[PDB]
file structure07.pdb (PDB, C-alpha atoms (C1' of nucleotides))
ATOM      1  CA  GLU Q   1       0.000   0.000   0.000
ATOM      2  CA  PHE Q   2       2.981   2.327   0.763
ATOM      3  CA  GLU Q   3       6.509   1.863  -0.714
ATOM      4  CA  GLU Q   4       8.625   2.553   2.437
ATOM      5  CA  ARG Q   5      12.385   2.515   1.581
ATOM      6  CA  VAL Q   6      14.489   1.940   4.766
ATOM      7  CA  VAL Q   7      18.026   2.765   3.435
ATOM      8  CA  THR Q   8      20.060   2.113   6.644
ATOM      9  CA  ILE Q   9      20.036   2.573  10.479
ATOM     10  CA  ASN Q  10      22.904   4.993  11.379
ATOM     11  CA  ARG Q  11      24.266   3.981  14.842
ATOM     12  CA  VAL Q  12      26.166   6.198  17.370
ATOM     13  CA  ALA Q  13      28.903   5.255  19.910
ATOM     14  CA  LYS Q  14      27.803   7.727  22.660
ATOM     15  CA  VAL Q  15      30.850   8.340  24.956
ATOM     16  CA  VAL Q  16      28.778   9.749  27.905
ATOM     17  CA  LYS Q  17      28.747   8.612  31.620
ATOM     18  CA  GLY Q  18      27.106   5.281  30.576
ATOM     19  CA  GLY Q  19      29.427   2.487  29.301
ATOM     20  CA  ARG Q  20      28.222   2.612  25.652
ATOM     21  CA  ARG Q  21      24.646   3.871  24.944
ATOM     22  CA  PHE Q  22      23.255   2.501  21.618
ATOM     23  CA  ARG Q  23      21.091   4.968  19.596
ATOM     24  CA  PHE Q  24      19.963   3.600  16.171
ATOM     25  CA  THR Q  25      18.696   6.403  13.851
ATOM     26  CA  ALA Q  26      16.707   4.156  11.435
ATOM     27  CA  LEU Q  27      16.549   6.008   8.056
ATOM     28  CA  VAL Q  28      13.410   5.285   5.926
ATOM     29  CA  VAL Q  29      11.995   7.117   2.834
ATOM     30  CA  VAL Q  30       8.348   8.230   3.474
ATOM     31  CA  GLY Q  31       7.168   7.540  -0.121
ATOM     32  CA  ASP Q  32       3.439   7.197  -0.988
ATOM     33  CA  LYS Q  33       4.207   4.720  -3.846
ATOM     34  CA  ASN Q  34       3.097   7.167  -6.613
ATOM     35  CA  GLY Q  35       5.716   9.872  -7.397
ATOM     36  CA  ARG Q  36       6.523  11.640  -4.080
ATOM     37  CA  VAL Q  37      10.078  11.518  -2.575
ATOM     38  CA  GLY Q  38       9.583  11.253   1.252
ATOM     39  CA  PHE Q  39      12.383  11.289   3.886
ATOM     40  CA  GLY Q  40      12.272  10.750   7.690
ATOM     41  CA  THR Q  41      14.844   9.850  10.402
ATOM     42  CA  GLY Q  42      14.081   8.219  13.800
ATOM     43  CA  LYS Q  43      16.020   8.067  17.118
ATOM     44  CA  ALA Q  44      14.306   5.281  19.152
ATOM     45  CA  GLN Q  45      15.923   2.157  20.724
ATOM     46  CA  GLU Q  46      13.589  -0.004  18.544
ATOM     47  CA  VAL Q  47      14.245   0.491  14.767
ATOM     48  CA  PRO Q  48      10.697  -0.766  13.854
ATOM     49  CA  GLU Q  49       9.105   1.739  16.321
ATOM     50  CA  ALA Q  50      11.642   4.395  15.159
ATOM     51  CA  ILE Q  51      11.093   3.851  11.375
ATOM     52  CA  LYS Q  52       7.306   4.459  11.779
ATOM     53  CA  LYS Q  53       8.078   7.285  14.289
ATOM     54  CA  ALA Q  54       9.529   9.439  11.442
ATOM     55  CA  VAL Q  55       6.797   8.150   9.035
ATOM     56  CA  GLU Q  56       4.025   9.506  11.348
ATOM     57  CA  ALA Q  57       5.938  12.714  12.290
ATOM     58  CA  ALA Q  58       7.319  13.475   8.776
ATOM     59  CA  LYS Q  59       4.883  12.448   5.967
ATOM     60  CA  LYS Q  60       4.049  15.963   4.615
ATOM     61  CA  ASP Q  61       7.593  16.593   3.228
ATOM     62  CA  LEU Q  62       6.640  14.793  -0.049
ATOM     63  CA  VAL Q  63       5.975  16.594  -3.402
ATOM     64  CA  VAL Q  64       3.480  15.699  -6.212
ATOM     65  CA  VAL Q  65       5.477  14.697  -9.363
ATOM     66  CA  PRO Q  66       3.173  14.536 -12.466
ATOM     67  CA  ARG Q  67       4.114  12.903 -15.831
ATOM     68  CA  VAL Q  68       3.538  14.218 -19.418
ATOM     69  CA  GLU Q  69       3.280  11.144 -21.732
ATOM     70  CA  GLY Q  70       5.833   8.844 -20.006
ATOM     71  CA  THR Q  71       8.776  11.321 -19.967
ATOM     72  CA  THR Q  72      10.034  13.817 -17.297
ATOM     73  CA  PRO Q  73       8.269  17.201 -17.943
ATOM     74  CA  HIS Q  74      11.543  19.166 -17.385
ATOM     75  CA  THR Q  75      15.205  18.225 -16.619
ATOM     76  CA  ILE Q  76      15.457  19.949 -13.163
ATOM     77  CA  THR Q  77      18.547  20.189 -10.854
ATOM     78  CA  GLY Q  78      19.080  20.345  -7.039
ATOM     79  CA  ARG Q  79      21.030  23.146  -5.265
ATOM     80  CA  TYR Q  80      20.297  22.254  -1.581
ATOM     81  CA  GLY Q  81      23.378  21.435   0.561
ATOM     82  CA  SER Q  82      26.446  19.483  -0.684
ATOM     83  CA  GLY Q  83      24.938  16.374  -2.377
ATOM     84  CA  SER Q  84      23.051  17.337  -5.585
ATOM     85  CA  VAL Q  85      20.772  15.467  -8.086
ATOM     86  CA  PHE Q  86      19.474  15.738 -11.714
ATOM     87  CA  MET Q  87      16.293  14.637 -13.598
ATOM     88  CA  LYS Q  88      17.125  12.765 -16.867
ATOM     89  CA  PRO Q  89      14.117  11.739 -19.073
ATOM     90  CA  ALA Q  90      13.847   8.230 -20.655
ATOM     91  CA  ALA Q  91      11.247   6.198 -22.643
ATOM     92  CA  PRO Q  92       8.075   5.124 -20.707
ATOM     93  CA  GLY Q  93       8.822   1.405 -21.353
ATOM     94  CA  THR Q  94      12.374   1.190 -19.894
ATOM     95  CA  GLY Q  95      14.068   0.574 -16.498
ATOM     96  CA  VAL Q  96      16.720   1.642 -13.909
ATOM     97  CA  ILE Q  97      20.075   0.148 -12.693
ATOM     98  CA  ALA Q  98      22.417   0.461  -9.644
ATOM     99  CA  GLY Q  99      25.619   2.475  -8.952
ATOM    100  CA  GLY Q 100      25.560   6.078  -7.584
ATOM    101  CA  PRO Q 101      23.453   7.745  -4.792
ATOM    102  CA  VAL Q 102      19.925   7.254  -3.271
ATOM    103  CA  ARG Q 103      17.358   5.055  -5.134
ATOM    104  CA  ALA Q 104      14.150   5.992  -3.237
ATOM    105  CA  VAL Q 105      13.068   9.083  -5.290
ATOM    106  CA  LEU Q 106      12.420   8.083  -8.956
ATOM    107  CA  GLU Q 107      11.651   4.456  -7.909
ATOM    108  CA  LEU Q 108       8.653   5.813  -5.902
ATOM    109  CA  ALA Q 109       7.361   7.456  -9.135
ATOM    110  CA  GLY Q 110       6.349   4.196 -10.904
ATOM    111  CA  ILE Q 111       7.062   5.356 -14.506
ATOM    112  CA  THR Q 112      10.374   3.576 -15.389
ATOM    113  CA  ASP Q 113      11.472   6.595 -17.525
ATOM    114  CA  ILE Q 114      13.477   8.770 -15.041
ATOM    115  CA  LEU Q 115      17.202   8.407 -14.118
ATOM    116  CA  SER Q 116      18.017   9.284 -10.450
ATOM    117  CA  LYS Q 117      20.999  11.735 -10.412
ATOM    118  CA  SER Q 118      22.868  12.934  -7.252
ATOM    119  CA  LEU Q 119      26.695  13.417  -7.229
ATOM    120  CA  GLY Q 120      27.657  15.743  -4.320
ATOM    121  CA  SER Q 121      28.932  13.165  -1.771
ATOM    122  CA  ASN Q 122      27.937   9.908   0.036
ATOM    123  CA  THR Q 123      26.436  11.777   3.063
ATOM    124  CA  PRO Q 124      22.699  10.782   2.908
ATOM    125  CA  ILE Q 125      21.490  13.845   4.932
ATOM    126  CA  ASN Q 126      22.161  16.741   2.473
ATOM    127  CA  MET Q 127      21.798  14.749  -0.807
ATOM    128  CA  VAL Q 128      18.030  13.987  -0.414
ATOM    129  CA  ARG Q 129      17.316  17.645   0.573
ATOM    130  CA  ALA Q 130      18.542  18.763  -2.901
ATOM    131  CA  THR Q 131      16.247  16.162  -4.581
ATOM    132  CA  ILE Q 132      13.156  17.857  -3.000
ATOM    133  CA  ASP Q 133      14.607  21.285  -4.013
ATOM    134  CA  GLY Q 134      14.424  20.304  -7.720
ATOM    135  CA  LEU Q 135      11.195  18.259  -7.355
ATOM    136  CA  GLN Q 136       9.455  21.393  -5.931
ATOM    137  CA  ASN Q 137      11.193  23.518  -8.641
ATOM    138  CA  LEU Q 138       9.926  21.119 -11.383
ATOM    139  CA  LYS Q 139       8.219  22.738 -14.440
ATOM    140  CA  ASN Q 140       4.840  21.214 -15.504
ATOM    141  CA  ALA Q 141       2.907  21.684 -18.800
ATOM    142  CA  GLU Q 142       0.076  23.879 -17.395
ATOM    143  CA  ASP Q 143       2.234  25.098 -14.429
ATOM    144  CA  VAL Q 144       4.402  27.063 -16.954
ATOM    145  CA  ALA Q 145       1.331  27.910 -19.109
ATOM    146  CA  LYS Q 146      -0.136  29.966 -16.199
ATOM    147  CA  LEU Q 147       3.246  31.770 -15.767
ATOM    148  CA  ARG Q 148       2.695  33.446 -19.192
ATOM    149  CA  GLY Q 149      -1.141  33.483 -18.937
ATOM    150  CA  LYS Q 150      -1.913  32.709 -22.620
ATOM    151  CA  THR Q 151      -2.234  29.234 -24.249
ATOM    152  CA  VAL Q 152      -0.525  25.878 -23.380
ATOM    153  CA  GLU Q 153       0.602  25.536 -27.054
ATOM    154  CA  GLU Q 154       2.148  29.074 -27.096
ATOM    155  CA  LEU Q 155       5.126  28.504 -24.710
ATOM    156  CA  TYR Q 156       7.246  25.643 -26.193
TER     157      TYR Q 156
ATOM    158  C1'   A U   1      14.025  23.259 -25.909
ATOM    159  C1'   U U   2      17.219  15.402 -27.991
ATOM    160  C1'   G U   3      16.592  19.423 -23.272
ATOM    161  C1'   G U   4      24.604  21.751 -18.917
ATOM    162  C1'   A U   5      25.403  21.915 -13.680
ATOM    163  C1'   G U   6      31.086  16.449  -8.448
ATOM    164  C1'   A U   7      32.995  17.588  -3.805
ATOM    165  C1'   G U   8      36.397  19.644  -0.465
ATOM    166  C1'   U U   9      37.494  24.547   1.159
ATOM    167  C1'   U U  10      35.736  27.487   7.263
ATOM    168  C1'   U U  11      33.527  25.359  14.728
ATOM    169  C1'   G U  12      33.511  19.443  16.708
ATOM    170  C1'   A U  13      28.786  18.668  11.934
ATOM    171  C1'   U U  14      27.429  23.368   9.524
ATOM    172  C1'   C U  15      24.221  25.926   5.443
ATOM    173  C1'   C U  16      25.014  30.069   2.368
ATOM    174  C1'   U U  17      28.492  33.904  -1.693
ATOM    175  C1'   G U  18      33.281  32.855  -3.527
ATOM    176  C1'   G U  19      37.633  30.677  -6.240
ATOM    177  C1'   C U  20      40.162  26.939  -8.091
ATOM    178  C1'   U U  21      43.972  21.893  -5.658
ATOM    179  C1'   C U  22      40.873  17.947  -7.883
ATOM    180  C1'   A U  23      35.497  12.263 -11.056
ATOM    181  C1'   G U  24      36.546  13.587 -18.524
ATOM    182  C1'   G U  25      37.252  13.823 -23.657
ATOM    183  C1'   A U  26      40.610  16.473 -26.782
ATOM    184  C1'   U U  27      46.388  16.557 -27.412
ATOM    185  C1'   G U  28      49.391  18.917 -36.318
ATOM    186  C1'   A U  29      53.104  15.940 -30.860
ATOM    187  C1'   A U  30      57.141  13.707 -28.914
ATOM    188  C1'   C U  31      58.074  10.528 -25.057
ATOM    189  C1'   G U  32      60.971   5.421 -20.874
ATOM    190  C1'   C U  33      59.231   1.630 -24.217
ATOM    191  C1'   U U  34      56.506  -5.008 -24.671
ATOM    192  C1'   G U  35      55.284  -0.442 -30.862
ATOM    193  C1'   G U  36      52.595  -9.116 -35.150
ATOM    194  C1'   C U  37      50.430  -7.155 -41.003
ATOM    195  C1'   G U  38      48.869  -3.371 -43.581
ATOM    196  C1'   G U  39      45.098   0.496 -47.845
ATOM    197  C1'   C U  40      45.596   5.798 -46.732
ATOM    198  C1'   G U  41      47.692  10.962 -45.245
ATOM    199  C1'   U U  42      51.021  14.693 -42.399
ATOM    200  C1'   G U  43      55.837  15.234 -41.553
ATOM    201  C1'   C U  44      63.409  21.417 -39.693
ATOM    202  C1'   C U  45      55.890  21.868 -35.761
ATOM    203  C1'   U U  46      62.173  22.754 -32.558
ATOM    204  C1'   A U  47      64.391  26.565 -37.617
ATOM    205  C1'   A U  48      63.043  33.528 -43.521
ATOM    206  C1'   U U  49      69.085  27.900 -39.189
ATOM    207  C1'   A U  50      74.416  29.171 -42.569
ATOM    208  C1'   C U  51      76.049  27.070 -47.201
ATOM    209  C1'   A U  52      79.643  22.400 -51.826
ATOM    210  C1'   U U  53      75.799  20.767 -55.212
ATOM    211  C1'   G U  54      73.234  17.667 -58.799
ATOM    212  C1'   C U  55      70.146  22.541 -61.045
ATOM    213  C1'   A U  56      64.857  27.557 -64.804
ATOM    214  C1'   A U  57      63.166  24.744 -70.451
ATOM    215  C1'   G U  58      64.493  24.670 -75.294
ATOM    216  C1'   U U  59      63.398  25.478 -80.115
ATOM    217  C1'   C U  60      62.312  26.732 -84.971
ATOM    218  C1'   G U  61      62.204  27.907 -92.923
ATOM    219  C1'   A U  62      54.487  27.044 -95.647
ATOM    220  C1'   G U  63      59.644  32.558 -95.028
ATOM    221  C1'   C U  64      66.557  32.324 -96.048
ATOM    222  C1'   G U  65      73.754  30.521 -97.023
ATOM    223  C1'   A U  66      77.098  23.409 -94.025
ATOM    224  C1'   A U  67      79.584  18.341 -95.424
ATOM    225  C1'   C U  68      74.736  16.556 -96.065
TER     226        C U  68
END
call {"tool": "encode", "arguments": {"input": "structure07.pdb", "output": "structure tokens"}}
result
Amino acid sequence: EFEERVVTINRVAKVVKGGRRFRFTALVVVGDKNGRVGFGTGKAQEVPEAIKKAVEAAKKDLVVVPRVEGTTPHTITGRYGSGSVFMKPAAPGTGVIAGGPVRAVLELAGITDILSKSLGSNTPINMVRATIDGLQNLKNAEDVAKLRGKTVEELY
RNA sequence: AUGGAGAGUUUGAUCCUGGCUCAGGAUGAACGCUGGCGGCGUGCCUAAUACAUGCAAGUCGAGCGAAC
């Protein structure tokens, strides 16, 4: 019903009074299995109760990503923090591979025609923030038609 | 619109302007070389570098005086 992508569970070796406190920050993408990105981080002792903790406290950070005719409406970027991304269009009837950054952004948008792009670095805390920067800065067909305030077939 | 766009760099993590140390192809090329065979092309790119040369291109009377 909901494509939840739990990337990893960052641990911490707290060097406080206690011998060695264990704090697992379960990282899970809050995707709605449609086209939204979704990102939430927990801090509970139980990963299962921590993964849903960030899914019930952070589920409004997603963005609606529409599709034209099976191809990305506009090749957007991502200038938020170090890690960056890029939207590359492909044919509707295609697929994705492995080797690079995060995979829970274009995989949520069941279309198999978008290539997930994010160089920046490996840090998965400032690389997903740039993906939502471009997703919210995406240009739609009518979205840009209102900008001019004329016809949809008069701005292409 | 066949539709660019990595980082670091600054506290103990940082955002943010800014500049390049640095994820590539190109390299009229040479290069230390392990450079099987070759179609095709460029070749004193360093050099209007100095000067022994082989060396510019020979002929003709329908119009005139060889021995022929």
call {"tool": "interface_residues", "arguments": {"input": "structure07.pdb", "of": "chain Q", "to": "chain U", "cutoff": "12 Å", "atoms": "all atoms listed in the file", "output": "PyMOL selection string"}}
result
chain Q and resi 71-90+100+117-123+125-127+129+155-156
call {"tool": "resolve_selection", "arguments": {"input": "structure07.pdb", "expression": "the PyMOL selection byres ((chain Q and resi 102-112) around 7)", "output": "PyMOL selection string"}}
result
chain Q and resi 3+5+29+31+33-37+70+92-96+101+113-114+116
call {"tool": "axis_aligned_box", "arguments": {"input": "structure07.pdb", "around": "segment 3-15 of chain Q", "padding_each_side": "4 Å", "output": "JSON"}}
result
{"center_x": 18.7, "center_y": 5.1, "center_z": 12.1, "size_x": 32.3, "size_y": 14.5, "size_z": 33.7}
call {"tool": "atom_distance", "arguments": {"input": "structure07.pdb", "atom1": "atom CA of residue 62 of chain Q", "atom2": "atom CA of residue 133 of chain Q"}}
result
11.0 Å
call {"tool": "atom_distance", "arguments": {"input": "structure07.pdb", "atom1": "atom CA of residue 12 of chain Q", "atom2": "atom CA of residue 28 of chain Q"}}
result
17.2 Å
call {"tool": "closest_residue", "arguments": {"input": "structure07.pdb", "among": "Q:23, Q:139, Q:150, Q:11", "to": "residue 43 of chain Q", "atoms": "only C-alpha atoms"}}
result
Q:23
call {"tool": "atom_distance", "arguments": {"input": "structure07.pdb", "atom1": "atom CA of residue 141 of chain Q", "atom2": "atom CA of residue 65 of chain Q"}}
result
12.0 Å
call {"tool": "resolve_selection", "arguments": {"input": "structure07.pdb", "expression": "the PyMOL selection byres ((chain Q and resi 51) around 10)", "output": "PyMOL selection string"}}
result
chain Q and resi 4-6+9+25-30+40-44+46-50+52-56
call {"tool": "residues_around", "arguments": {"input": "structure07.pdb", "residues": "residue 30 of chain U", "least_positions_apart": "3", "cutoff": "12 Å", "atoms": "all atoms listed in the file", "output": "PyMOL selection string"}}
result
chain U and resi 27+45-46
